[PDB]
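Presented below is the structure to which this report refers.
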Amino acid sequence: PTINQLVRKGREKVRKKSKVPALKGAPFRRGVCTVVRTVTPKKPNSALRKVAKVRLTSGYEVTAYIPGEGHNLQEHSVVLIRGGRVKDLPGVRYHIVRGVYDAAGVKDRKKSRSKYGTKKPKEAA
Amino acid sequence: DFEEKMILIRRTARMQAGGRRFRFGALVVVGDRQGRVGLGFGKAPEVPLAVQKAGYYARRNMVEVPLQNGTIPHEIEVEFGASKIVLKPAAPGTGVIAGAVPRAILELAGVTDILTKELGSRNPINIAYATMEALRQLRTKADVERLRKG
Amino acid sequence: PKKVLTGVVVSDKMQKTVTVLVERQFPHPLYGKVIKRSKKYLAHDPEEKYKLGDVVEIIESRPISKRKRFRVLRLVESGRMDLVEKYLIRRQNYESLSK
Amino acid sequence: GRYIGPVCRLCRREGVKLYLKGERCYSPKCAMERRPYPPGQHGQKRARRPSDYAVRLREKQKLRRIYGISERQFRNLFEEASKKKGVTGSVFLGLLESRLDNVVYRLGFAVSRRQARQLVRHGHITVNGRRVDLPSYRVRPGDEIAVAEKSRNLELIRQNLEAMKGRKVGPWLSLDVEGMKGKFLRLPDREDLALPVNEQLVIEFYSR
Amino acid sequence: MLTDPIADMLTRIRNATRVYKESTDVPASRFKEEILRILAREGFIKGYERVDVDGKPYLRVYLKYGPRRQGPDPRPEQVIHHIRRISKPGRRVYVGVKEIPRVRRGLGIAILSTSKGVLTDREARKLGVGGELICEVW
RNA sequence: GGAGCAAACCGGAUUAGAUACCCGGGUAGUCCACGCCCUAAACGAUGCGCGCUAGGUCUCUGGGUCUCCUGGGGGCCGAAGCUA
RNA sequence: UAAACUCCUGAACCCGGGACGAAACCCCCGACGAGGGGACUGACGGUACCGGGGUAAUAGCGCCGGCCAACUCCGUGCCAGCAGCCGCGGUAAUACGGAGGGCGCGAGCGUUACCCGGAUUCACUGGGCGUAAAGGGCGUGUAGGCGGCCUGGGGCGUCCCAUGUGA
Ligand SMILES: NC[C@@H]1O[C@H](O[C@H]2[C@@H](O)[C@H](O[C@@H]3[C@@H](O)[C@H](N)C[C@H](N)[C@H]3O[C@H]3O[C@H](CO)[C@@H](O)[C@H](O)[C@H]3N)O[C@@H]2CO)[C@H](N)[C@@H](O)[C@@H]1O
Ligand SMILES: [Mg+2]
Ligand SMILES: [Mg+2]
Ligand SMILES: [Mg+2]
Ligand SMILES: [Mg+2]
Ligand SMILES: [Mg+2]
Ligand SMILES: [Mg+2]
Ligand SMILES: [Mg+2]
Ligand SMILES: [Mg+2]
Ligand SMILES: [Mg+2]
Ligand SMILES: [Mg+2]
Ligand SMILES: [Mg+2]
Ligand SMILES: [Mg+2]
Ligand SMILES: [Mg+2]
Ligand SMILES: [Mg+2]
Ligand SMILES: [Mg+2]
Ligand SMILES: [Mg+2]
Ligand SMILES: [Mg+2]
Ligand SMILES: [Mg+2]
Ligand SMILES: [Mg+2]
Ligand SMILES: [Mg+2]
Ligand SMILES: [Mg+2]
Ligand SMILES: [Mg+2]
Ligand SMILES: [Mg+2]
Ligand SMILES: [Mg+2]
Ligand SMILES: [Mg+2]
Ligand SMILES: [Mg+2]
Ligand SMILES: [Mg+2]
Ligand SMILES: [Mg+2]
């Protein structure tokens, strides 16, 4: 646009939209499981994906993914949520953090252990 | 004989009754690291032959690069189609700061100290052709004087 | 220095006061273009001497009323009813922007 | 803490022979004279054309691994050289070569930078009379780098100072061999060193 | 009505040169003449002169090019590679002497209007002044 | 105001079905005046004004010393140049 | 060369000394001033630091399909799972899980969240609108923006010098 036009109107700064009301941006939010269901993916994937509907302190009831080999979560479970969509599961915008509150960490996990939250094993160590 | 760096190779494909039919392209720079570079683009049914073809084409396509202590006389912007390249002089100790494509070219022309920026279409082929024009278009205090006499 | 400004009397409806429209111009901070802008000052005229159209200077002053902080220093030149027209039209345009 | 782990093993991998053991990484093996290829199961197989990144990465790993310094400390040195006046490549090397741990090794008092490190740490070294146990200490020019009188009797200091019988020391250094004390006359130019490293690639690596 | 005669002049030049014209006329202005003087002194043009076209003041302006060139397209190199207004009616640009730019590391000019007359960057920097940044030519 | 045409609608065909395409009817409407509505593939899908940069060819409309020259307008091919 | 093993040094820990921070207030001489003399005062702390002795004495976390540095064997069979984006998994998976090996950082390494960057993707520097998003359906014209050539006056913009201010 002309200069006179920029002077009259100016440019508009672009507001960035949050992908995540773990409400106030706050890196983690604690909640209570409600339904611990299994959901099928979409698009070109097939599996039985493990999921918690979570009541939060933040007020929101949201659905979260339970990552890892297998889990120990039932209907009143109390867990920490972290954010991280799942992408094959629509409306699943958060993961549960394993190793915190009533989500025990993944047993038998040798490799990327600190996600999944499983302490150092002790046979050759 | 010069050095011969290969920037980009890709496989293209044309359609024919019962199936796709592949060709290969290769972008190759060749240069001595002392004011001569050449850019060559060569296509052929096999990668090998295309790279070779490209180097050949690159030698038939060279350029005066007026270095001045590992860098260039001045700043130049060159638009080639939708790809724009800017080229800026730098003191020594800077390095060649540039993306994969213009860097390979600037390296083999013996530029050692130069600030660049790709603007526009970041298409390798076209970025390379702009870089060549950009070098191609460099003048020095010398030639400019010569141009302005009468 | 008590600030001295200069502009144009565009009202004398009040007793012992004139309204003075004062232009200021300057580069735009980003876009560089020189832009005009203006502001009205209520100025103290204890002798209702100055009238519509006059260019005056205006000087920073000890307060006289709420929002009257300037006195009329001197006449610069009379006439300028053109500039007053400028203001008055700009003003009546306003009624053509409502609903 | 600094690396701690197999050494004439990046003597390998990095292609070039790095001198991280001094006496042996010097004589029918930096392990390198026996196996001139990367460590691990794949070491001897057709290496793939390296990405511009791989290259620049490697060159900086080379330079860093030579001086035995950590990434954080290496990095800050680079950033310091960048602010400073003059060819930012050499300057860095200037600074890297000004580390007491290095000077001590350049001065022959130790056979390895790693071993020089231990000498400096355990109090065996003295700058300008006062003693100093910081490997990172910036030796400036003029500085006399002595050995600790108390430490002189030690087999190790003896051998190394005795094998410096014949030996010649870099142009930026001097060395009274008997008084077991050297000097730091000025900081080295790029040309003064013969490092297997093109720093133009290192500066480049720290550009993105 | 013609909003910027200087931009006009410059552009007449830009255009005539791109087809290797021997000359262009441009309606005459004292200000225009002063810019040409610089232009001529710096060897961008051959020179210029006052003339009448339909009995009205112009400035014929003798353009100047490289030699014939070699391969396909033997069109001469151009002397005025680039010429370009800066300050314009829409947006005046003024500089202090500390912020007069170096045009193409000095292989290029910037013409520049000051209270000590129209000047190139160098002339004006040594003369220690700035002013309206008219145009840059390389 | 209403000849002709014709959404809707009333019928005939066609079709697996045919709330259509085809045929036969047919009201609003299409027409006029006055007052509303204010939309569009309201398209050159191209804001207005001004200067500058080869030509060739066909056309509408002025003027000249009317073979040719010189205005204004509508097309086609194309210098330089621009364009994904 | 990593280990075992051979020499060598000696973090921790034990013994000893042991701070600077504090010279004033005050008192005496001089005059209750200048100057001079004198005495007290340490939470940190038996700490820092110096000296003697002295033990080989912690390593983890992420990653290895491409972007991106690092590849193989097994297990698994559109399952279990991974997933920043592209996408992996349907019996030979460098993409899942484990192993070996490798890369990167290292008392840290990863994760999530938030800001700027890259993004010349609000474009002043520095973008666009025939067909990609984008020319207002067209006019008339208000405010506003912009304004041909010559001379003179003022010096508001603009430029210059000096100076105050910018803790
Ligand atoms: N986008 C096409 C048209 O632009 C028109 O106006 C624009 C064009 O006439 C012209 O823009 C030119 C462009 O023609 C031509 N292709 C070259 C030039 N790059 C452009 O110029 C523009 O962009 C450059 C930066 O790219 C600026 O530096 C320059 O000042 C600006 N005029 O000047 C106007 C600046 O935007 C009309 N708005 C309208 O017809 C349509 O939007
Ligand atoms: Mg799948
Ligand atoms: Mg473009
Ligand atoms: Mg793009
Ligand atoms: Mg190996
Ligand atoms: Mg012209
Ligand atoms: Mg100033
Ligand atoms: Mg019918
Ligand atoms: Mg009908
Ligand atoms: Mg009918
Ligand atoms: Mg048209
Ligand atoms: Mg015509
Ligand atoms: Mg060892
Ligand atoms: Mg011992
Ligand atoms: Mg790789
Ligand atoms: Mg993983
Ligand atoms: Mg398998
Ligand atoms: Mg992976
Ligand atoms: Mg795996
Ligand atoms: Mg640390
Ligand atoms: Mg931006
Ligand atoms: Mg812009
Ligand atoms: Mg755009
Ligand atoms: Mg469109
Ligand atoms: Mg239109
Ligand atoms: Mg109008
Ligand atoms: Mg107007
Ligand atoms: Mg004017
Ligand atoms: Mg002034």
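Convention: chains lettered A, B, ... in structure tokens order; per-chain residue numbering from 1; ligands numbered from 1 as shown.
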Quiz item: Within 10 Å of ligand 17, counting only C-alpha atoms (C1' of nucleotides) and all ligand atoms, which protein or nucleic acid residues do you find, written as a PyMOL selection string?
Solution: chain G and resi 73-77+91-93
Practice problem: Please write out the residues within 10 Å of ligand 16 as a ChimeraX atom specification, counting only C-alpha atoms (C1' of nucleotides) and all ligand atoms. | Solution: /A:111-113,115 /G:63,82-83,95-97
With N, CA and C atoms (P, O5', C5', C4', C3', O3' and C1' of nucleotides) retained, could you export that selection as a PDB file, in the first residue's frame?
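See out20.pdb below for the written result:
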ATOM      1  N   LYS A 111      15.280 -48.538  26.998  1.00  0.00           N
ATOM      2  CA  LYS A 111      15.822 -47.443  26.185  1.00  0.00           C
ATOM      3  C   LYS A 111      15.445 -46.001  26.589  1.00  0.00           C
ATOM      4  N   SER A 112      14.554 -45.356  25.855  1.00  0.00           N
ATOM      5  CA  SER A 112      14.235 -43.965  26.124  1.00  0.00           C
ATOM      6  C   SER A 112      13.491 -43.836  27.484  1.00  0.00           C
ATOM      7  N   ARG A 113      14.118 -44.220  28.592  1.00  0.00           N
ATOM      8  CA  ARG A 113      13.354 -44.499  29.840  1.00  0.00           C
ATOM      9  C   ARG A 113      12.758 -43.299  30.583  1.00  0.00           C
ATOM     10  N   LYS A 115      11.366 -40.430  29.415  1.00  0.00           N
ATOM     11  CA  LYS A 115       9.971 -40.282  28.956  1.00  0.00           C
ATOM     12  C   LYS A 115       9.501 -41.633  29.339  1.00  0.00           C
TER      13      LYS A 115
ATOM     14  P     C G  63      15.357 -40.653  23.087  1.00  0.00           P
ATOM     15  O5'   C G  63      16.195 -40.520  21.743  1.00  0.00           O
ATOM     16  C5'   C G  63      15.855 -39.511  20.797  1.00  0.00           C
ATOM     17  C4'   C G  63      17.013 -39.266  19.860  1.00  0.00           C
ATOM     18  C3'   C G  63      17.382 -40.392  18.905  1.00  0.00           C
ATOM     19  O3'   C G  63      16.586 -40.410  17.714  1.00  0.00           O
ATOM     20  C1'   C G  63      19.331 -39.567  19.944  1.00  0.00           C
ATOM     21  P     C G  82       3.524 -45.221  21.979  1.00  0.00           P
ATOM     22  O5'   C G  82       4.563 -45.059  20.785  1.00  0.00           O
ATOM     23  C5'   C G  82       5.978 -45.081  21.017  1.00  0.00           C
ATOM     24  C4'   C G  82       6.684 -44.738  19.740  1.00  0.00           C
ATOM     25  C3'   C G  82       6.605 -43.283  19.317  1.00  0.00           C
ATOM     26  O3'   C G  82       7.479 -42.423  20.042  1.00  0.00           O
ATOM     27  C1'   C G  82       6.201 -44.685  17.470  1.00  0.00           C
ATOM     28  P     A G  83       6.922 -41.004  20.543  1.00  0.00           P
ATOM     29  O5'   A G  83       6.518 -40.292  19.183  1.00  0.00           O
ATOM     30  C5'   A G  83       7.497 -40.111  18.149  1.00  0.00           C
ATOM     31  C4'   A G  83       6.852 -39.480  16.945  1.00  0.00           C
ATOM     32  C3'   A G  83       5.867 -38.362  17.255  1.00  0.00           C
ATOM     33  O3'   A G  83       6.691 -37.243  17.494  1.00  0.00           O
ATOM     34  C1'   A G  83       4.909 -39.821  15.678  1.00  0.00           C
ATOM     35  P     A G  95      13.935 -49.483  12.036  1.00  0.00           P
ATOM     36  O5'   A G  95      13.739 -47.933  11.743  1.00  0.00           O
ATOM     37  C5'   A G  95      14.094 -46.950  12.729  1.00  0.00           C
ATOM     38  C4'   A G  95      12.878 -46.131  13.119  1.00  0.00           C
ATOM     39  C3'   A G  95      11.632 -46.915  13.535  1.00  0.00           C
ATOM     40  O3'   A G  95      11.001 -46.231  14.599  1.00  0.00           O
ATOM     41  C1'   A G  95      11.081 -45.475  11.780  1.00  0.00           C
ATOM     42  P     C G  96      11.413 -46.551  16.089  1.00  0.00           P
ATOM     43  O5'   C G  96      10.196 -47.439  16.593  1.00  0.00           O
ATOM     44  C5'   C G  96       8.982 -46.873  17.113  1.00  0.00           C
ATOM     45  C4'   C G  96       8.087 -47.980  17.627  1.00  0.00           C
ATOM     46  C3'   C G  96       8.735 -48.893  18.651  1.00  0.00           C
ATOM     47  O3'   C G  96       8.439 -48.391  19.927  1.00  0.00           O
ATOM     48  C1'   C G  96       7.812 -50.196  16.903  1.00  0.00           C
ATOM     49  P     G G  97       9.619 -48.031  20.901  1.00  0.00           P
ATOM     50  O5'   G G  97      10.096 -49.447  21.449  1.00  0.00           O
ATOM     51  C5'   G G  97       9.266 -50.101  22.435  1.00  0.00           C
ATOM     52  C4'   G G  97       9.771 -51.476  22.783  1.00  0.00           C
ATOM     53  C3'   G G  97      11.269 -51.614  23.000  1.00  0.00           C
ATOM     54  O3'   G G  97      11.730 -51.266  24.295  1.00  0.00           O
ATOM     55  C1'   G G  97      10.529 -53.318  21.571  1.00  0.00           C
TER      56        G G  97
END
Quiz item: Using only C-alpha atoms (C1' of nucleotides), which chain G residues lie at most 12 Å away from chain B, written as JSON, numbers by chain?
Solution: {"G": [118, 119, 120, 121, 126, 127]}
Output file for the selection above: C-alpha atoms (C1' of nucleotides), as a PDB file, in the first residue's frame:
ATOM      1  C1'   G G 118      13.873 -18.611  10.815  1.00  0.00           C
ATOM      2  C1'   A G 119       8.765 -15.994   8.738  1.00  0.00           C
ATOM      3  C1'   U G 120      10.833 -10.899   2.892  1.00  0.00           C
ATOM      4  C1'   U G 121       4.379 -15.355   6.407  1.00  0.00           C
ATOM      5  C1'   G G 126      11.199  -5.762   2.818  1.00  0.00           C
ATOM      6  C1'   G G 127       5.377  -8.435  -0.171  1.00  0.00           C
TER       7        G G 127
END
Self-check item: Distance filter 12 Å, only C-alpha atoms, chain E against chain A, as a PyMOL selection string
Solution: chain E and resi 88-92
Quiz item: Which residues, written as a ChimeraX atom specification, have at least one atom at most 12 Å from residue 121 (chain A), with only C-alpha atoms (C1' of nucleotides) counted and residues fewer than 3 positions away on the same chain left out?
Solution: /A:106-111,113,118,124-125
Requested write-out: C-alpha atoms of the selected residues, as a PDB file, in the first residue's frame:
ATOM      1  CA  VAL A 106       6.601 -48.342  32.045  1.00  0.00           C
ATOM      2  CA  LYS A 107       8.195 -51.572  33.297  1.00  0.00           C
ATOM      3  CA  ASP A 108      10.706 -53.515  31.127  1.00  0.00           C
ATOM      4  CA  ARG A 109      11.737 -50.376  29.290  1.00  0.00           C
ATOM      5  CA  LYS A 110      15.441 -50.332  28.668  1.00  0.00           C
ATOM      6  CA  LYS A 111      15.822 -47.443  26.185  1.00  0.00           C
ATOM      7  CA  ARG A 113      13.354 -44.499  29.840  1.00  0.00           C
ATOM      8  CA  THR A 118      11.118 -45.674  34.571  1.00  0.00           C
ATOM      9  CA  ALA A 124      24.602 -55.100  34.695  1.00  0.00           C
ATOM     10  CA  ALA A 125      24.161 -51.771  36.534  1.00  0.00           C
TER      11      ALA A 125
END
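Using only C-alpha atoms (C1' of nucleotides), the contacts of region 39-44 of chain A at a cut-off of 12 Å, with sequence neighbours closer than 3 positions omitted, comprise residues 35, 36, 47, 48, 49, 50, 51, 52, 53, 63, 64, 65, 66, 86, 87, 88, 89, 90, 91 and 92 of chain A; 78, 87, 88, 89 and 90 of chain G.
For chain F, the residues close to chain B, meaning within 12 Å and counting only C-alpha atoms (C1' of nucleotides), are residues 82, 83 and 84 of chain F.
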Quiz item: Leaving out residue 52 (chain D) and any residue of its chain fewer than 3 positions from it, which residues lie within 12 Å of it when counting only C-alpha atoms (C1' of nucleotides), given as a PyMOL selection string?
Solution: (chain B and resi 5-7+98-101+103-104+107) or (chain D and resi 49+55-59+201-202+204-205) or (chain G and resi 68-69)
